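# Remarks on the overall topology
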Amino acid sequence: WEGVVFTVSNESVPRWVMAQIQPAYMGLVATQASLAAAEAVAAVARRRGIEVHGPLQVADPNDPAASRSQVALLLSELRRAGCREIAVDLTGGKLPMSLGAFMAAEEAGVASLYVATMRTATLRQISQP
Amino acid sequence: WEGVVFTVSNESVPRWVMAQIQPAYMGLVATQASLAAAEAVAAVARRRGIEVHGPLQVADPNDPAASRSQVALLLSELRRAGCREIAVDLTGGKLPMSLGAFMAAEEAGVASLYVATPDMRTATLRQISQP
């Protein structure tokens, strides 16, 4: 892989993917709470020479559409910068972030990757076809 | 919703969703590690008059194809029993499970729901969709 777009909740797992595949371009989508992790990923990637796009923030992380659109923007920005082999690692983030990222990646025809290792609750809809 | 298919990791969350939706039909997909929790959801549901299908087991919880196919089996199974407005609740279980359940629900035309509330010594990178 030439490029990788990450949904981010922790910094350690994207770093390990970086070493595995050594891409030339990287995109980062985070929430407000996970922004510091995304910036930590960006900092190590910059000093290895990777071109870093983002982090982009999603206003509501429980809304898959928000994540989907941000990953879409980054997948386009990376294609523009001249990257042709892009994948989306959706390991990080809450479930709707990973789901929105997968949606963006299916909709652009790119490969999705994964790293195998109640009073507040609302019921929400992810998809209605 | 009159039918809900659940991916199961814990027993609490599905129970909570059951109380909110009051479904008539239920489907249950579990891993080996979560089969007991699913059986406990199933026991509670059958005593409330709910027709329960499963729990089915997925052998590889990291393979989304194995989750997709069990959820898809259960959705067709529920429809043949007379259920027709079904939602897939895909909280519970790891990401691959949830994504497999999302794939099966999209291909079946059903809505997907979600309840809104690490050691790197050994890791494998898997491709989950290769379009």
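Attention now moves to the overall build of chain B. Helices and strands together make up the secondary structure of chain B, namely 4 helices and 6 strands. For chain B, the sequential pattern of α-helices and β-strands runs β-α-β-α-β-α-β-α-β-β. By principal-axis analysis of the C-alpha atoms, chain B measures approximately 45 × 30 × 25 Å.

Turning our eyes to something else, we now look at the overall build of chain A. Counting secondary structure elements, chain A contains 4 helices and 6 strands. Its C-alpha atoms give chain A a radius of gyration of 14 Å, near enough to 14 Å, the size a compact globule of 129 residues would have. Taken along the three principal axes of its C-alpha coordinates, chain A extends 45 × 30 × 25 Å.

To continue, consider the pairing of strand β4 (residues 86–89) of chain A. The two faces of the sheet receive side chains in turn, since in a regular strand these alternate between them. All names here are of chain A. Residues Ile86 and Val88 of β4 are buried on one face, and the alternating residues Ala87 and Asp89, pointing to the opposite face, are buried as well. Relative to β4, strand β1 (residues 3–7) is paired through 4 bridges, and the arrangement is parallel. By the bridge assignment for β4, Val5 is matched with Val88. The pairing of β4 with strand β5 (residues 111–116) spans 3 bridges and is parallel. Bridged to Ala87 within β5 is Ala111. Viewed along the sheet, the connection from β4 through helix α4 (residues 95–107) into β5 turns out right-handed.

If you walk across this open sheet you meet the 6 strands as β3(A)-β2(A)-β1(A)-β4(A)-β5(A)-β6(B), and the pairing is mixed. The outermost strands of the open sheet, each flanked by one partner alone, are β3 (51–57) of chain A together with β6 (124–129) of chain B. On average, each strand axis in the sheet is inclined to that of its neighbour by 25 degrees, with strand direction left out of account.

So, on to helix α1 (residues 12–21) of chain B. B:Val13, B:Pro14, B:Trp16, B:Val17, B:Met18 and B:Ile21 are the residues of α1(B) that are buried. Packing partners of the buried residues in α1(B) comprise β6 (122–127) of chain A together with β1 (3–8), β2 (25–31), α2 (35–46), β4 (86–89) and β5 (111–116) of chain B. The first or second residue beyond α1(B) is B:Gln22, which carries a positive phi of 50 degrees.

Moving on, we get to the interface of chain B and chain A. The partner chain A presents 38 residues to the 37 residues of chain B that form the contact. Where chain B abuts chain A, roughly 3400 Å² becomes buried across the two surfaces, and 70% of that area is made up of carbon and sulfur atoms. It is B:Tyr114, B:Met120 and B:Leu125 in chain B that bury the most area against chain A; as a group they hold 20% of the surface buried on that side. Put simply, chain B and chain A have 0 salt bridges between them. Linking chain B with chain A are 10 residue pairs in polar contact. Of all elements in the fold, only α1, α4 (95–108), β5 and β6 of chain B reach the threshold of two or more residues within the side of chain B that touches chain A.

Here the residue pair A:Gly54 and A:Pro55 is connected by a cis peptide bond, since its omega of 5 degrees sits within 30 degrees of zero. Looking at the element boundaries, A:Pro55 is found in strand β3. Looking along the chain, the bond that leaves B:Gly54 and enters B:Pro55 is cis, with omega of 5 degrees. Inspection of the secondary structure puts B:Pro55 in strand β3 (residues 51–58). You will see that A:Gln22, though not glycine, has its phi angle at about 45 degrees, which is positive. Within the fold, A:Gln22 resides in the loop between α1 (12–21) and β2 (25–30). Overall, the relative accessible area of 64% leaves A:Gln22 in the exposed class.

What follows is about the packing of aromatic side chains. On inspection of all chains with the given rule, the structure shows 1 aromatic pair over all chains. With centroids separated by 6.4 Å and ring planes inclined at 85 degrees, the aromatic side chains of A:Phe102 and B:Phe102 adopt a geometry described as edge-to-face. With one member in each of two chains, A:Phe102 in helix α4 and B:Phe102 in helix α4 form a pair that bridges those chains.

The contact between α4(A) and α4(B) brings their axes to 11 Å, and the two run at 50 degrees. Judged by the angle between their axes, α4(A) and α4(B) are oblique. α4(A) and α4(B) meet at a crossing whose hand is right-handed. Together, A:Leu95, A:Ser98, A:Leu99, A:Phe102 and A:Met103 of α4(A) and B:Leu95, B:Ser98, B:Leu99, B:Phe102 and B:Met103 of α4(B) make up the contact between the two elements.

What counts and what doesn't
- Residues numbered from 1 in each chain as written, not as in the entry; some residues may be left out.
- Chains lettered and ligands numbered in written order.
- Heavy atoms only, no water.
- Residues with missing side-chain atoms left out of burial classes, pairs and counts.
- Helix = DSSP H or I, 4+ residues; strand = E, 2+ residues; numbered from the N terminus.
- Rg over C-alpha atoms; globule rule 2.2 N^0.38 Å.
- Buried < 20%, exposed > 50% of the residue type's maximum accessible area, 1.4 Å probe, protein only.
- Pairing = 2+ DSSP bridges.
- Right-handed = clockwise from strand over helix to strand, strands pointing away.
- Axes fitted to C-alpha atoms, helices over the stretch in contact; angles between N-to-C directions.
- Contact = heavy atoms within 4.5 Å.
- Buried area = accessible area lost by both parts, 1.4 Å probe.
- Salt bridge = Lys/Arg side-chain N within 4 Å of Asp/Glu carboxyl O.
- Polar contact = N/O pair within 3.5 Å; in protein donor to acceptor, adjacent residues only side chain to side chain.
- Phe/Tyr/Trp six-rings, centres within 6.5 Å; stacked < 30°, edge-to-face > 60°.
- Parallel < 35°, antiparallel > 145°, perpendicular 65-115°, else oblique.
- Left-handed = near helix turned anticlockwise from the far one by under 90°.

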